[PDB]
Structures are given as C-alpha cells and as structure tokens.
Amino acid sequence: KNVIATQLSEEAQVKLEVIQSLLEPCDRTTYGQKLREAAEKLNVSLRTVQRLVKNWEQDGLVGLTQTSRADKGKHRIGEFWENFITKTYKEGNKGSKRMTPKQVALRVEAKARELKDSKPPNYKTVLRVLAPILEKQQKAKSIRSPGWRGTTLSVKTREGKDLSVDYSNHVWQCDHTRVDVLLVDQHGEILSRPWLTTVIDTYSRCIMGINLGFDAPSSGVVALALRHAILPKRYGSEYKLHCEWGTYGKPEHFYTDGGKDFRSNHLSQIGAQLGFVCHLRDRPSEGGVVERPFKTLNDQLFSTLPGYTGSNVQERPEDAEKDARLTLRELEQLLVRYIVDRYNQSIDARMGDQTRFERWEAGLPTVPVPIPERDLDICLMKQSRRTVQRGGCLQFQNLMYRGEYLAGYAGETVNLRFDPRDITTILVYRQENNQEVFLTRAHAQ
Amino acid sequence: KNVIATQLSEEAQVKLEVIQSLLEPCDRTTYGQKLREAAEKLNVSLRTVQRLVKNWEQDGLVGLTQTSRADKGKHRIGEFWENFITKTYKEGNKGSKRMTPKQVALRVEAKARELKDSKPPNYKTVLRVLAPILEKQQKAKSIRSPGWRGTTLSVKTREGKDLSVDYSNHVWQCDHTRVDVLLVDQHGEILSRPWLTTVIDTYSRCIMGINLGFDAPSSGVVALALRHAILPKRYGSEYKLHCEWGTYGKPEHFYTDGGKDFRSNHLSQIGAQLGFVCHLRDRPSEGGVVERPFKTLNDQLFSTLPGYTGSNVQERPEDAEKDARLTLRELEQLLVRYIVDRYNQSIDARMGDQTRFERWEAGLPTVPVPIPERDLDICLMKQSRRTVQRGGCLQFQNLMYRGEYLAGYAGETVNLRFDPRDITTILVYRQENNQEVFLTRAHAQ
Amino acid sequence: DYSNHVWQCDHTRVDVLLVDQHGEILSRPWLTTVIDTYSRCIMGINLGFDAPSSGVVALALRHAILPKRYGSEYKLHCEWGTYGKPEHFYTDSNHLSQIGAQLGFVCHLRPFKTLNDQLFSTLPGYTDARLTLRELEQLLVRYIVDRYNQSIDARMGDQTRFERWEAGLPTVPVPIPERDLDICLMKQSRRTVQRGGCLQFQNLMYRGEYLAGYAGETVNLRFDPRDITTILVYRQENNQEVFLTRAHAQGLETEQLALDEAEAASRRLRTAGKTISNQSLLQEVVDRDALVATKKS
Amino acid sequence: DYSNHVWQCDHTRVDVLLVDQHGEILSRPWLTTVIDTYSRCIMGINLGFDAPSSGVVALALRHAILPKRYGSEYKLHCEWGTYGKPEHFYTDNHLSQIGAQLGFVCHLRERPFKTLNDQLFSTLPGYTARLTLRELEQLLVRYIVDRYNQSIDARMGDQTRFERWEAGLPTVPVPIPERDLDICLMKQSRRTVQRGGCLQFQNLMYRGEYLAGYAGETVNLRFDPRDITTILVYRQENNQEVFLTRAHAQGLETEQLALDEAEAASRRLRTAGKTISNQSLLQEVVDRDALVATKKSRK
DNA sequence: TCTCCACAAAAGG
DNA sequence: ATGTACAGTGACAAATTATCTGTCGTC
DNA sequence: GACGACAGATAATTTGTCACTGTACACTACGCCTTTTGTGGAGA
DNA sequence: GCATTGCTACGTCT
DNA sequence: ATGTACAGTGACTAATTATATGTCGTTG
DNA sequence: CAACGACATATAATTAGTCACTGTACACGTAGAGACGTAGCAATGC
C-alpha cells in the first residue's frame, strides 16, 4: 500500500532539487517568479513544471521520475501469435519432449505459411516472448527450503503422522550411498567403489555408527551398521584418534527410506527384538539429516583422496582409475578418524554452541546400559519358520545337522534364527506358550 | 609500445576540460592567471596543476587519471605464504584429487600451528590468492577453435600425414551414436535406444547414408550403412519425402576413428574390394564433420520426439520411460525425411551459399555408374579361408557343405566368403596366379 | 510561531557505558533527539550504537512524527501524546532532502546537559557498566515523558512544556499512517525468499503472509531497529520499491526484540563457536595428507 | 601564419552513387577533408559511407598527420608531401581527447567541396551507378594530388599549393610514429582470441604475433577501414589499453581489402543463404508434429 | 498333501 | 592457419505506439 | 497562477538483423542388487 | 603325432 | 513453520602502505 | 612570475578479516556393453 522511490536518476535528482524550491511556503508572486526561474533550470515551459508539481503532489518522489510505458513487457505481434508461441512451447515441452525457442520459431513460420501471413514473428521475438517462462522455470528449480530451527524437530512419515524427536536416541536415521572413491586391493588393482551405510541420530545429528564395505545395501549390511551404532566403540592405535567415539545405545525409532533392505522382514524382527519401530519417509528430503552428511564427506574427506570419481559422470576425472591407491582398510581408518575427530566434534549447525557429541551426551534422558554383544548378535539374526523331521536332523539351506532335545517335537514348526555368515551352527527356538523360548541349537556334526 | 586511455571517469572529464583550457598558447603573465584558475576550480594548489600538466605531457591522457598503486594485485601476507597457498592448491588438485580453497586455508592453519605463527592468512585471503589460478583454468577450458574456412580442407590421420579432401566421394566419414530416443515394439513395450551409424562425405558435408537399428556398431552395421550410401536410395510413399536422396557412389578414402568395427579385417576387405583406403583420426576433434551432425540431429529432430532421453543422466527427463511410444520403423521414417528434406537441403555453413547435396553433386568429378547391387553385396561379405576335403566336405560354422565343382578341388585351401544373415548358401574361391574365381555356391545340409 | 513549526535534531554520545544482556562490554551509545523549537518539547529520540548519519536522523524523525505507544515495561505515568509532522526540520547526503520532499516539509542541513545532569549522571556506568540498551532507553523515555516534558521552562513559565506544545498547535494534525514513514526505516537489499514465503534476517526466520508466491525471488527489507519482530518486505522494480507484507519472526522466546539484542545473540553464538578447539581438526588433516603421500607411487 | 597552422575539417555528401563489387547499390558516400590555412592545400581525406561523427574526422585527421604512401595502382606521377601536426584543428566529447593526446587544440565551431564536385565528381558515371568506393577514392586521390595540390593559386602568389605549404614550414616536422595515432582509428570493444592466437573480424580470420598466449582472453581491435588487411590488437586494463600486436587477415584473394569489401562479401553470402527455399523443412516439421500427435502412449 | 528349495517377477533405492 | 556448426546473444537500426510538451481556453 | 482539450514531438519500447561465440558432438544408465511373493519340481 | 576347425579369454577401442 | 548444512560470496570494517598534495627553496 | 626537487602530512587506494546469507548437492550408480583380433587349448580325419 506504499511505494518508495529508489535509484533517483540524476536527471530526476536535479528534478528533485528544483522541486524543493517550490516546497518552501511563499506567496503567489515569488512562487510564480521561482517557477519561471526554475523552468530554465531544466529548459522546459511553465505548464510542464505545473504538471511536475501536480504529479509530485499526487505521487510523491515517484512522480519525479518518468513512469515506464504501459507497453513494457508486452508484445505487438498480436494476441494470437503470443498464445500460439506459448502453447507450442508448453505442449512441445510436455513430458520427455524438449523444445527450444528455435523450434517454436520454425513452427511459427510453418503456421504463418499455412495462414498466409507474410510477417511471422521472428525467432528473436520468440525468444523474448518465451524468456519469462524460462526465467520462472529457473526460479522454481532454485527454491531454497528454510529447514528446521532450534531444538524442536519432527520427521514426516508415509503413514502421515509426525515422529517427534526429543531425546538423544529417540529416532535413528540410516541410509546408503556409493562412496566416490575407487578403492584398491592389497596388490594395486581396482576393486570397486564401496558402499557407505551411516547411522545418525536425528536429535543430535551425531554419527551413531557407520558401515563401509563392498557389499550392496542388504539386511545384513543394515544389521552390521546397527550393530556398530549400538555397541560401544573401540579403535586401536592404527586409527590415530585424539578423541573417543563415546557413542552407543539402543534406538527407540528407526527412520529410513523405502528400500527393500529397510522394508525387509529381517528388519521387522530386528526392531521387534530391540524394541524400536521402523518407519518410512514420504520424500528423500525428509531424511535430510542422514542424507546431507554424505555431501559433507565428499567435500571434506573424499575429494582429497588419490582415487576420486566426483558426484557423477559429468564431473568424474579421467585420472580416477589410474590414481586409485587406497584400500578399504585405509579409507575406513581415514573415515573413522574424520568422524571421531572432525564431524562429531564439529558444531551442530542449528545450535551453534554445542558439538554434535556434546548435544548427544547431554540430551540422553538416562545413561544407557551397554548391551552385551551376544544379545545384540542374536537380535539381528535372520530368522524364519521351520519344522523338525523324525529323529531330529533338521535340514537348512541344502545342509543338515542335529543337536539335542529336537526329535521329541518332530512335527512342530519352530523359529529358526541364524547368521548368514556361519551357517554351520543355528539356533532352534520353540513357541511353548503364548511365549517363545530357546529350545536348543542345531550344530554341525 | 602504445598506450591509450579509455573509460576515464567524470573527474577525469573535468580534468580533461581544464587541460583543454590550459592548452591554448599564451604568455606567462596570462598563462599564470588560468593556471591559478585551474587550481581554484580543482580546489587544489597551483603546484598540483603543475604536476598535472607535467604528467599529462609525459604520459598523455593516461597521466591525466591517477595510476593504480603498485600493490594492486599484490598480497601483503608475504611471498612465503603466497607460495605455500599456491603450492598447496596445485598439489592438492593434481590427479583425481580436488582440494577446494577452504581445505587450503585449513592446511595453512595447520602449518601456522606447526610454525607457531599466530597470524596465518585468512580463508578469504586464500580465496583471493587462488582466484587468478581458477580464472586461468576456466579460461583454459573455455577456448574456442577457429575451424577450417573456405573450400580447401585436409584431415589429419593417426599416421601423422595430412589427407587432402578435394572433391565429392573423396573422403567419407562414418561414425556411431546412441540415439537419445526410446523406442517401442508392437502393442507397446520399450526395447532400447537404437544405434545410428552415419556416413557423410567430407567435401560436401552431405549425409551419404545412415543405418538405424538396435544392433551394436559392428563390421556388419558399418557394411549396412556402406551399402545404403553406395547404392541409389529408393524410398516408398510411407516416407513422405518431398525431395530425393540422390547421393550414391563409392569413396576412395574412409576417415573413421579407432573403433574395432573400423579397424576390422572385414573393413579392410571392403576397402580392398571397393577401392577404399581407410584412415584413422588422432583426436575426436579431427572427425568433427561426423560428430556435429549428431548434435544437429539431437537438437532439431530427436529432442521433439515423445520418448526422449537427453544425452546425459543429468539432463534426462523422468518421463522418458513412460513417454516412450515410437517404433524403430517410424523413427527411421522421421530420420530419413529429416535428412532428405532438412539436412542435406540445408546450407553448408562453411561456404554459406550452397546446399550440402548441391555441393556434393556439383563437386562430382565424373558422374558415377551405380553397382547393380549384387556385386556390392558380394563385396561386403565376411571372408575366411577354409580347407576342402574328401571331394568337398566344408564344415564352416559347424554346418555340412558340398559343392558341385568341389570334388577335384579337394587339396587346396579355398577362399570362403559369406553373409552371416544367411549361412545356408556360401561362396568359394580359388587362389591361382594371384587371382580368384567362383566355383559353386556350397549349400548346407 | 506555533507548535510543529520548526524542529531541530542534534546528536550526542551518552556517557553511560552499556553492555549486552549476556554481560559483554559494549561501546557508548549515540543519542539523537528532535525538539519542537517553539515549545522546546522533546519530539522523538533514537538511542543506539550507530554513529550519527542520515539513517539515524530518519529514524528519529519517524519516531517524532508518528503517534507514540509504549508498553507497561516503561512504567510510564504520563502519556507521550506529541505527534504530527513539522513544517521545517534542522539537522547536521541527499537522503534527508528526499525524505523531506516525500513527506512534505523542508529539511535544512547546517538539551543534552539537562539530561546528562539529572538522568545520565545518576545511572550506573556514568562516564560499573551494567545497563543495556533497552534499560537505558526505558529510563530515558520515562524521564522524558514524566519529567522533561512535564517540566516548566525557565521563561514564560506558567504550564508544562507538553501543555505549551498542545496549546500552540493551530489545528490537531491528522495522523500519518505508519507505512508512509517506511522511507525513514533501515533498509536491507537483495534478500532471497524461501519456500512457503520465508526470508532470513539477523539469523532469524520471518514467515510472511502473501509471500509464498515470491519464493525464489529477491525482496528488500525495511525494519525498525528498536523492534525487529515485524519487518516490512518490498519489491524492487528498478525504479521504485512497492510494499508487499509484514513478515513476523518465528521461534522467539520474547514478545519484544531489537536489532542490538539479535546482534548480541549472534555475537554470543559466534564466540561460543570460536571457543570450540580445532587441534584435532588440523592433526587429522596433516595425518591424512601424510597417509595419502605415503601411498604415492 | 606559417604552413602547419589552423586545419579546417568539413563534411560533404559526395554525389557519386556507388555499387559494390557484385553490383548491389550503395548510398552516396561522405567526404571529410582537412585543409591547411596558410595554403589552400588538402591536408588529408576520408571517403566512406559512415555519416559524420568523431570516428570519421579522427580518421581524416590521422590521414592528414601521417606520411602518405600510395601503391603503384594509383598511377600517381606526383608524390604527396603532406605530414606533420597542426597548432589548431578547427573542425565541425571525443575530439578533444585526441587534441590533448597529440597537443593540438580542437574547436567545435571556404569549403573546397565545390571545385571537387565541379572538376572530378561530375565526370564520374554515378554523378547525381558503376563505381565502387575504391575506384572513387583512387580518382579522388588522383585529383587531390595531381590536379589540386599542383594548382598555382595566383591569388596567393605564383607558387603552387604544395610548394607554398612546403615553404611555410619553420622546420621539417619529425613525423609522429603511427602507433601514437591509434586513438584516431575505429574500435571493436570485445573480441575473443581463439586457439593459436586468432581473431574473427568481419567474417575473416586474423592472426598476429604475440597472440597465442592470449587465447581465451578478450582484446580490443583498432582498424583502418580503408585497409583492414592489418588490424591492431589492444589488451584492456583498468583504465587504459596497451598495444599488443598487429593481426593480419588470412585467406585473402587480394593483397588489399577494405571494410566495405568485407561487408559486401558478407552481404553476398547472406543473400545467397536467404535465397534458399524453406518449404520442404516446414512441411517436414508439420508432418513430424502430426505423426507424433497420432501415436498413443502406454495407456 | 505338507515341508524344503529352487527359480522368476515386481518394486524400491 | 584452419574441428563443426547451430542455438543463443550483443549491439544496433527500424518501426511503433505512448506518453510528453507546448498552446488556447476557461477559470 | 490552477487545471483541461488538442495537436505535433520526443523518445521509449518492441521488432527484426546479423556478426560473433559457447559448447556439445565425441558409446553410455536403465542396470545392479536386494527382498518379498508366487509357482512349481523333489521328497516325507 | 600334424594340419585343420571350433571354442574361450583377454586386451582394447568406442 | 520448519529438510541439511557447508563452501563460497557480498558488503563492510580495520589495518596497511603508496602516492597526493600544500610549502620551502632553488632555478630562469 | 612560472618550472623542478625535497618533504612530511594527509588522503585514500589497496588488501586482510568478519560474518550473516545463500546455492546446491545429498538423495544407489558408468566401469560396463558389445565387438574384434590374437594367443592358448581341445575335437578330429588323414
């Protein structure tokens, strides 16, 4: 409901200079005398300066600068041609079809010879007409999200509810990425780019734990990352750590995308055994807390390394293959040292006064009791349902073995939890009430 | 050798006016009056005007404006820190590694801590020191090539010799691309993106022939494109052609890259038979007559098609798989009409006054007589060398054979040529006095 | 003459040493005042750390022209009922001339001791720095509305200075709407608009009604440093800036917020960031460089 | 007073209609002539289609100041002995710049165009369309040197204009080296130097020494429209341009080329391009639009 | 006619 | 001496409205 | 010294021209991997 | 044995 | 109300030199 | 009554730091597909 004049246009600046003599209160005679005297200041008539003072009275400082012509931003090619150009660009750019202004001009010429119009809009005119559309598309593609501020935080879910994050282990985020560093075996030969599965607290933004390996994102890989993030951290002298990764504990929630490794039955049993509920995210940007740090690892650690592939194939160096020198072990030592000594000790962006580890430790509702390795290993074990034949001898994945207290239930279907790295020994359970109890183990014989 | 002052400021303009008022010849008594008048109008001392006229006469209008200080572009941090920053940036960006100026500032801070220096250069200073290097690198990667001008033209070969292009059908360039348009089969289902093998005359830049198909680039696909280019082009009413593809004949030189289909012994056969001398290109930029048409095809025809995948992963629309609706036959129709009606009828940009086809036809030394299409097919046949036994028992490609004249000729290695599309019937040749002759179409059993 | 005829604006440096709410010792403030010359009554004040410039004079004039409303925290007894626009204005580039032309009065480009005696001398830190900008401003406003404006001048003394001002007005002045005074406010340029109609100012998020459609665009901010809870958003058209809306701060723990307080919060956050040691950072960097140099071949 | 004194510059619309090499008509040229005061000698000339402005008077002044070397194609049996710098340059924002740079005084305040028209221009076929600018300027140089400088003006003594000018020299003026007059030449502001140190100017490729190291940079161009076979490269600093090198045109069918001839060649090529039909392309694009319109999605 | 145990297909990243 | 060209652009002349700017007239 | 009619007069836009230049063409993602969910052969 | 004819894999190029 | 957050930048200030600039004294 | 060097005071032009703001990558992702010549080997008829 107001207009303020800026960039006063030195012509309009001296126009303001003259308009400040007419402002002083005066009688008719000297007002007219200075009107005429100021007419020669800018070499105009007296009706012109009359109109000047009238416009300055009506519009203020914006009446001193000449207004833009009402035809600015419009086109004289006609409404029909303008609509034709805009609609042709809109339809030719529908879907995967990409249509440049030159193609629009060609179609304009085609329609003109169809309609026998001897003056089709020029290609330059087409570019000028379509410039606002391209500009607004560029503005739309460069939209910045404000992000969360302060300590209050919630994560949207596919179920539609908002998962509040309020404690230091309330919600854990886990996601996968392919590291932009080509690694090398013990001899000097390229193996592959490893997979980075990271576990990060949502409330503290501290890295709960990581999984770096050559295996693709699977239920077992997520289980390894969860095991690292849950168990207390112990690193030897090879990692020249100055600080400690004093991080451990169970989560109460698990926030991941819709990957098959995260929607697996194995993850459901893992959550039901460790007392956390797995949740979905509607959009990848909802898991930004776990998803931004990858970039931080690229911009601070991976870009500095002899083998490096960039963000995509457009920026991938041609030197990446022959510059590859780092093993998985060396890369993982560098990564762990970066996380412990830089990333976790770095300041949480929203807070500005706390490190990520300080926020994590301070925000713990209670000091969690460390979970023994055996219980957690049993918890993250792949399981199914199987029965036992006569005389025991339960067979599992084209292998057979028998233990004790097994033949007596021949004909009862029981749970079967195992580690898919040492299949020789498995755990046979039994649902013996509405409760399920550890029957025995099936060991290879 | 010469220095000219331009873009002088408004203050420089008033100084120029005062120097013009001071330039009219006069006498000491009246010269001094305007000297101190200049001093007064410049609100400076007379000796300042003395220095002004001195530097104006000793330098020109360059001395009229104040010269930039010698520290412009210099850095006050010190030569040591200058060299350290530059060396750190250069070393860290050597190879696939990429060190940003922020990491250079971090290393500067670390070194200052090691040197017990409490005044290291700031990160902004590191950015300022490294800005010239970055601008020079960008300018290096953004250098334009003048290209050839006029009618004369030569192509550099990997052998190091320059091959002259003098007339039509003298040098033919053939190359493969992966079309950026997804295709569907009958009833609607995507298959792949077709391969496009283009053969184009170098003297005229007119497309001699094309081969569009899902089969990968191979000696067979190059042979198909060569047959299309050599033979006269006849197209049915389904191709709604307005003009005629009247390009045909056999070249004397074949300028291709180092692709395996082009260095194959099959292509050497084609050259020996039809009369080619196949040549290689040291760099892809040396085959620009055959690469730029790919860009033109993508820009003018392929980008407007429904199922379109831009030549990138970064520029690929998300609708390409769902927008994919065209077939190989319809794509071939559109491509052939684009070449016949639009491309060959377009201006050769090097000359600017004649079409590519008109240049090709006018550049023909003698009007050629076309092959009757049976000798040409025999020419583009895969060759081998087999041994005939037991009065004729050829076993080529694990198939039985027996000719009619092959009984007596059963103790000599016979030249064998065939077309992989049909192994049922083959051709057998002798080798007598550095010659050959056809024996019989050895049929299969 | 008469009331609201000629106004004079003068600057001084308050001898009181001020500190922020967190205790960090700041500089001494600059006090700017506008005086109704015919009545010698205080018109408007601008108490801040900015050196006397065109913007400070504009802010003081904006305070003087507009009607005055103060909260209960000022503990005011009388009400500051002085307003209206002057016919003249006296002060120490071309900004003031533009403001005067826009608001319809002539601006000419050329009482501190009575405040420094009975107010500034009494206050702590005069010439132990314990007063903040808000506290000093509260004390000054209470003193001005309760003592100086309610005082009786040495000459023709028969009524309060506020009463002399009120009786000397030929006609009650029609109030100028607040928006028309936006020319006098502090200005920030090239401020991007984010999704949902938000922009960042002084490390705070400002949600604005009728701003979602300008996300991705650039707007200009006008604000009052005394209260930056609500800022004003403008669109630049290369010759003029047009009002859009008033953007409101979010996440504030207090209903009042000034520019000095936000700057102090940002300063506290920056200092707390700087106390985070980075020896581990540099050590990791140098050993990573050593490790990559080891693999070099 | 003496010979090298007030120089007068006047503008005339030459009434000889001209055509390019290929026959396309061109507007009547302009003439800008510098003339001495002590003598009635033509000091220097500039004939071109460009209207009066700072650049044309600057070019004419540069011609007047410099020594004149003319090829044998001019058939000049008398040499032009003009050189030197005047005390004043009465002519008519920019001219004062060269005035201060060289030393003379420029002023924005008996034109000899009438005798030029009545003795030479009326003879020309296109007098007010078979003469190019080069032939017109050859004939003009012929008239100025052999028939004008050698016109003994009896009203000004028994000596001719050239020898009156020569006798009026207090001393032989040392000629200004041509580089110090690049301010008087025409300018092209931004020009990208390409690989190998080449420039693309007036649809021609220009190559010069010391330019390979400036590939990717931007340089200024100073050129004389009479002869664009050589152009001057200048590199732009904060407030000045420094001479860099001379760039020579490549692929020239003739040893001499003017700006008018390059423009004519570009015009001929553009006309040849525009004369090529476009109906087939428009039919093709319309039919491709129709074909993609009929085809169905995967619904 | 159930239990192991392969395949293939769809659907996410 | 020389990669290849086409979309896109900068600088500018040409065409076209549209406000502007002087005169009369009535205030 | 206020306004409106009313008619040229600038001049501020759009429109079209054309010489110059940036940059993609250089084989390249739909494939890999995983995990659940049928469906069907060997056996009990 | 000893010479053909098939394979498979590996380097290399696009 | 709210995705994340770090590298680079813009606008400003403070420190740091490099000349600009008003006398004094010699020079014709 | 104006040129030419010191000179020492004074701007002021240049750089070095500050610090709030903003753009933009993080979102599984090119080493693989395919072809062709050049070795090794094996089936195999004499």
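Just so it is clear, the values below take in all heavy atoms, side chains as well, and ignore hydrogens, waters and symmetry mates. First the proteins, then the strands, lettered A, B, ... as listed; each starts at 1.
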- Give a yes or no on whether a donor-acceptor pair under 3.5 Å exists between the nucleobase atoms of I:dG10, that is its base, and the side chain of B:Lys124. yes
- Pucker class of J:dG23, from the sign of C1'-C2'-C3'-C4': south
- Return the value, rounded to whole Å, for the distance between atom CD of C:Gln194 and atom P of J:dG23. 8 Å
- Which one, F:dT2, G:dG1, G:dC20, comes nearest to the side chain of A:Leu35? G:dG1
- Message: Under 3.5 Å, is there any donor-acceptor pair linking the side chain of B:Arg69 to the base of I:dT17?
- Response: yes
- Message: In whole Å, measure the gap between the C1' atoms of G:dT37 and J:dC28 for me.
- Response: 24 Å
- Any chance you could encode DNA chain J as dot-bracket? Rule is Watson-Crick or G-U wobble with both distances under 3.5 Å; [ ] for pairs crossing earlier ones, | for another strand. ||||||||.|||..||||||||||||.||.|||||||||||||||.
- Message: Run the salt bridge (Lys or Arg N to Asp or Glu O under 4.0 Å) test on B:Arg193 and B:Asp180 for me, step by step, so that the C-alpha distance in whole Å, both residues' side-chain angles and the decisive distance to 0.1 Å come before the verdict.
- Response: CA-CA 7 Å; B:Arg193 284 161 65 191; B:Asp180 35 356; 5.7 Å; no
- Message: Regarding G:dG1, can its base be found pairing with the side chain of A:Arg36 as donor and acceptor, where the two atoms are less than 3.5 Å apart?
- Response: no
- Are B:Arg283 and B:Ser285 linked by a side-chain donor-acceptor pair shorter than 3.5 Å? yes
- Query: Between D:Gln188 (CD) and G:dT21 (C1'), how many Å, whole number?
  - Reply: 14 Å
- Side chain of B:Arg144 sits in which groove, major or minor (5.0 Å cutoff to groove base atoms)? major
- Identify, via the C1'-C2'-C3'-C4' dihedral, which side the sugar of G:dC25 sits on: north or south. north
- Base-atom proximity below 5.0 Å to the side chain of A:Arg51 identifies the groove as the major
- Item | Residue whose nearest DNA chain F nucleotide is more 5′ - B:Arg149 or D:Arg190 | B:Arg149
- Item | B:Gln50 side-chain proximity, nearest of J:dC4, I:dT23, J:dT18 | J:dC4
- Is any side-chain nitrogen or oxygen of C:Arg195 closer than 4.0 Å to OP1 or OP2 of I:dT2? yes
- Message: Any side-chain to backbone donor/acceptor pair from B:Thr198 onto B:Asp175? Under 3.5 Å, distance only.
- Response: no
- Message: I'd like to know if D:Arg270 reaches the base of G:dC18 with its side chain such that a donor and an acceptor end up less than 3.5 angstrom apart.
- Response: no
- Message: Please confirm whether the shortest side-chain N or O distance from B:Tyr31 to OP1 or OP2 of J:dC1 is below 4.0 Å.
- Response: no
- Query: Is any side-chain nitrogen or oxygen of C:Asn203 closer than 4.0 Å to OP1 or OP2 of J:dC21?
  - Reply: yes
- Message: Base of J:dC36, side chain of B:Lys260 - is there a donor-acceptor contact under 3.5 Å?
- Response: yes
- Using the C1'-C2'-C3'-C4' torsion, classify the pucker of G:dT13 as north or south, with positive meaning north. north
- Message: Based on whether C1'-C2'-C3'-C4' is positive or negative, which pucker family does J:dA27 belong to?
- Response: north
- Please confirm whether any donor atom in the side chain of B:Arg128 sits under 3.5 Å from an acceptor in the base of J:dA16, or the reverse. yes
- Query: Ring centres of J:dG29 and J:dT30 closer than 5.5 Å, with planes less than 30° apart?
  - Reply: no
- Message: Can you say whether a donor on the side chain of A:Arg281 sits under 3.5 Å from an acceptor on the base of I:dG3, or the other way round?
- Response: no
- Message: Looking at A:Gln395, I'd like to know whether one of its side-chain N or O atoms comes within less than 4.0 Å of OP1 or OP2 on G:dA44.
- Response: no
- Message: Roughly how many Å apart are I:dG22 and J:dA10, using the P atom of each and rounding to a whole number?
- Response: 12 Å
- Message: Regarding G:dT13, can its base be found pairing with the side chain of A:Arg76 as donor and acceptor, where the two atoms are less than 3.5 Å apart?
- Response: yes
- Note on the structure: note: B:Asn312, atom CG; G:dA24, atom P; distance rounded to Å ~ 8 Å
- Query: Hey, is the side chain of B:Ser218 poking within less than 4.0 Å of OP1 or OP2 on J:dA35, counting only N and O atoms?
  - Reply: no
- Under 5.0 Å side-chain proximity of A:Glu291, groove of the nearby base atoms: minor
- Query: Taking the side chain of B:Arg386 as heavy atoms from C-beta outward, which of H:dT5, G:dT35, E:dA11 is closest to it?
  - Reply: H:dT5
- Are any of B:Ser145's side-chain N or O atoms less than 4.0 Å away from OP1 or OP2 of F:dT2? no
- Query: Taking the nucleotide of DNA chain F with the closest heavy atom to each, which residue, B:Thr152 or A:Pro101, is nearer the 5' end?
  - Reply: B:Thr152
- Of the listed J:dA25, F:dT4, I:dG8, the closest approach to the B:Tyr123 side chain comes from I:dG8
- Atom pair distance, as rounded to whole Å: CZ in B:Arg263 and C1' in J:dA35: 12 Å
- Item | Verify stacking: G:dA26 then G:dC27, 5.5 Å distance, 30° angle limits | no
- Message: Under 3.5 Å, is there any donor-acceptor pair linking the side chain of B:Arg47 to the base of J:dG5?
- Response: yes
- Should the ring pair B:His176 and B:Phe262 be called parallel, tilted or perpendicular, given that the plane angle runs from 0 to 90° and is split at 30 and 60? parallel
- Here the helical stems involving DNA chain E, each at least 3 consecutive Watson-Crick or G-U pairs closer than 3.5 Å, sorted by first residue number, are E:5-13 with G:32-40
- Sign of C1'-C2'-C3'-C4' at G:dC30: does that make it north or south? south
- Between J:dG37 and G:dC20 - P atom distance, rounded Å: 49 Å
- Below 4.5 Å, heavy atoms only, C-beta onward: do B:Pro146 and D:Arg195 meet side chain to side chain? yes
- Query: Which whole number of Å gives the distance between the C1' atom of J:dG34 and that of G:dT28?
  - Reply: 12 Å
- Query: What integer distance in Å separates B:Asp71:CG from J:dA12:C1'?
  - Reply: 11 Å
